[PDB]
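Following: one structure in structure tokens, then a few remarks.
Every number in this text was worked out from the coordinates using simple rules, so none of it is lab data. Virtual Cβ from ideal backbone geometry, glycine too; neighbours counted across all protein chains shown.
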């Protein structure tokens, strides 16, 4: 008789790896030296269901990045590379977008960045509630702009931003790939108008579409008997 | 019969029994919004009565989208077309008249932000298969497959959930054994305070027979279900300079 | 220039100079009617601006019928079509912008119950020759004779009276030497308190140049007259039961 | 094959030429049993490894207004077996629910837990369903379930129903 | 080809043989539209992804002191289309601005936002511009814009106009 | 033209077994307490022999 762990915040405010970001430090294809992530809550199926218990949600965000590096094999594993610096730039809704590792949009002012050297504690940056409306929508029964044009159930209004990742240093002499892991912990959660859990599996991350599943697991009889 | 009270809104009148179990949506009454508001005080606050529907033994259910079902209903649809932003709360009377020799049951819910699932998975839904205004869209009992259509199946209700778990939303149970009518009052629910009334559907009325209509070999094979909807505390943006 | 005050009704805005000689009709302001009234409080109380007209040297005059001139003007015409009985008072701003090198004069009256005389005596007048809604019906300078048409002549104004004696009605004089605009406020005038708004014309705006437009050999040959009308204290019958 | 339909909720009851037969029955395990597995209460209770509290059942008769009859809603406590008779279920904990004067009986089951065989709920005929002329014989019962206000949980986990692609 | 000059600001208005034509018009988007793109208010508003508030317009007539006439400054609210007539613009929200007694009309447009089609501002002839002898017919209107005191912004970003060498 | 009173079906009339389907509605009319008249005349229904 406690009911302190059935709270909304003791149910949703837990960290979870949501995406893995792979990028290198020396290539020839000029887009494998960086990677990005458009921030949403629809990639981990667990957290997607736990947020689809409710229609409107409203939370802060605390992201912790776990950054690890492993060198690719070559002729020249015998090297002395100094410690690597990574950049994690945040693009708010309405910000410019880089198109290479040497693009000017890595240098712009109103895109907050974090510079981390190898060996330290993992980085961390908080992201506030940055919607125009009062709460995010998990569900949206309508069109975004000019109905019967545009995708059904979009809700332009609830975008949170996106991240970009590159190695700050120059091109090294051996290829070293770095994979980061993103721990997305929502904070100060308030939820409204609850709704039943999903029964069917998921098919895409941008719509509610499904194949019809059953209702439960079927029995053999209707009346029970002894062992 | 049982102390019938006669409600008159505007120039329309409807009859209701004395008991009148009214379900307020989430405990909240529809009120005004406490960059200027302009309200159509009562010229749009009257009962709008839809067509009766056809409940055989094999009827599986119906749904209406608000407020898309009142786009051809006089001054409410006029104020939908002239203004740009909108806000309203609703009152829904659902009568279903039948004799004492009939048996059946109905769930009457109102589902905010009911995003429908398409029949074919990665395709697009037309608007004529989501909403229709007048006479409703009917569920199916099996897995339907039509070109650019909602996945119509009762046991998932077009949303992917169990249909028995729809009692979390504001509901009543019309049991023809005892009850005769259901009455649900619904406030305004959105993340923004006013949204465009043609693009965004606020909620979805749903009527589903759990216990099917079932009767003798000589009675009437067919009972109607009369739906009556009446907006409460509606207002729009209005055009001035100041 | 001269302390311009900027009036904003609804989502419309117009500019007016500080002096603003306003003629109230018969000393009476438009108010509500002190079997139930239903008023469209402000969603129909905004400035509705007609087209500018064409005043050459030889232009003889124009007339508009109320409220038949606002049947295609949004929510006022909507409330004309949905309701059955009607009542309103009006406010009419008539601007006529011109340079100091032009000369002329205008009478701007409002004539209650202006029953028009036909061109051919014992014939019938069509509705398209009495009223038009938008761009006005023009007087003639001579005795006109058309099939099923109003007798168009300035010196009798289509009513059989002397045109110089139309100053008994609420009028102003727009003299381009000094004045620039005229403003008339008109209450509701009928023998019954509410009449049908499609059959009965309440009054008739009339603009007549006594001193004609006259100018140099190099100036603009043509000045416009901008008419702006805005209803005040309108209400209708409304549909409920009670 | 009744699960993929709306017939999965309807419990058939009609006129029986015997009198001590059984209408339905299910093991009383909210979350382990396949009956109230995907029920909303089973869905809140699959996100926890420990839970305790009470449970309400509700049984609604969806037949005509002219029919009448009696049922025997027996509750076998945990440890006790399933009865095979109306008479063996009668000496236990039971309730006689008359159709003709109460269309809904509510049965608040006492203490049930999975880490604080939990019980059975069986339904026996007592009398047949007496029906007048020109009224159909086949009818339906529907169940309802929710918790009481004394319900606690202690340790969150991942749900056994979402499987990763 | 008028952008690379000082003619880019001058709005031509003269004597028209019709009367319901249109003088100018632009979409009401301070920062997205190419009209008030490089305006100082558009430059403060391109450094932010969210902004809301009001907006003032000002229209000044730079003709002679002898000319006179009337305009119709209509405001189409967002969602509503652009009118094609003087009469369709008249039934909306409009203001009649007399040249001969007010050389500047100020039009404080109500609530406009990009994340708190936003509107239109059109200008219609009402009457022609009446001119005496030995006074030139061609004249000019100039616009002005600034915000009101209720203007907020929420999230800084990089400006889309500076491109790195 | 003073108005209309129409009656529409909403649902069918649901009937059990051994109960007849055809039924009847009857109307009634009277005035309220706010009813006035102003000028007496002869009735249009009595015709002299």
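As a test, work out the antiparallel percent of DSSP beta bridges whose residues both lie in chain C, rounded to the nearest 5. Of all bridge pairs located within chain C, approximately 95 percent are antiparallel. Each label was represented as a point 7 Å from its Cα along the Cα-to-Cβ direction; for residue E:140 and residue A:9 these points are 6.3 nm apart. Listing C:65, C:124, C:57 from fewest to most neighbouring C-beta atoms within 10 Å gives C:124, C:57, C:65.
Model label points for residue B:3 and residue F:33, set 7 angstrom from Cα along the Cα-to-Cβ axis, are 2.2 nm apart. Our summary gives chain A a relative contact order of 38 percent, counting only alpha carbon pairs under 8 angstrom and 6 or more residues apart.
Note on chain B: helix-only mean residue ellipticity at 222 nm, from DSSP H runs of 4+ residues weighted -39500 (n - 2.57) and normalised by residue number, equals -1000 deg cm²/dmol.
Which shape class applies to the protein assembly as shown: rounded if a/c is under 1.5, otherwise prolate when a/b exceeds b/c and oblate if not, where a ≥ b ≥ c are the square roots of the Cα gyration tensor eigenvalues?
Oblate.
Ordering F:41, A:14, E:157, A:49 from the fewest to the most neighbouring beta carbons within 10 Å gives F:41, A:14, A:49, E:157. Spacing of the modelled spin labels on residue C:58 and residue B:23, each 7 Å from Cα toward Cβ, amounts to 7.6 nm. Here's the picture: a label point sits 7 Å out from the Cα of residue C:190 along the beta-carbon direction, and within segment C:30-68 the residues with their amide nitrogen under 13 Å of it are C:33, C:66-68.
Prolate is the label for chain A. Its Cα gyration tensor axes, ordered a ≥ b ≥ c, give a/c of at least 1.5 and a/b above b/c.
The ranking of C:22, B:42 from fewest to most other beta carbons within 10 Å of each one's beta carbon is C:22, B:42. Computed from the C-beta positions of residue D:87 and residue A:221, the FRET efficiency with R₀ = 35 Å rounds to 0.95.
Computed FRET efficiency, Cβ-Cβ of residue A:211 and residue A:154, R0 25 Å: what is it to the nearest 0.05? After rounding, the FRET efficiency stands at 0.65. Spatial offset of segment C:221-242 relative to segment A:45-118 amounts to 61 Å, using the alpha carbon center of each.
Inter-part distance, segment F:12-27 to segment C:162-198, computed on C-alpha centroids, equals 64 Å. When a/c reaches 1.5 or more, the comparison of a/b and b/c decides; with that in mind, is chain B rounded, prolate or oblate per its Cα gyration tensor? Verdict is oblate for chain B.
What full-extension length gain, to one decimal in nm, is calculated for residue B:41 and residue B:179 as 0.36 nm per residue of separation minus the Cα-Cα distance?
46.3 nm
Helical content alone sets the calculated 222 nm signal of chain A at -1000 deg cm²/dmol, taking -39,500 (n - 2.57) per DSSP H segment of four or more residues and averaging over every residue. The separation of segment C:23-87 from segment B:12-91, counted between C-alpha centres, amounts to 31 Å. Given in Å, the Rg to one decimal and the Dmax to the nearest whole number for the Cα atoms of chain D are 17.6, 57.
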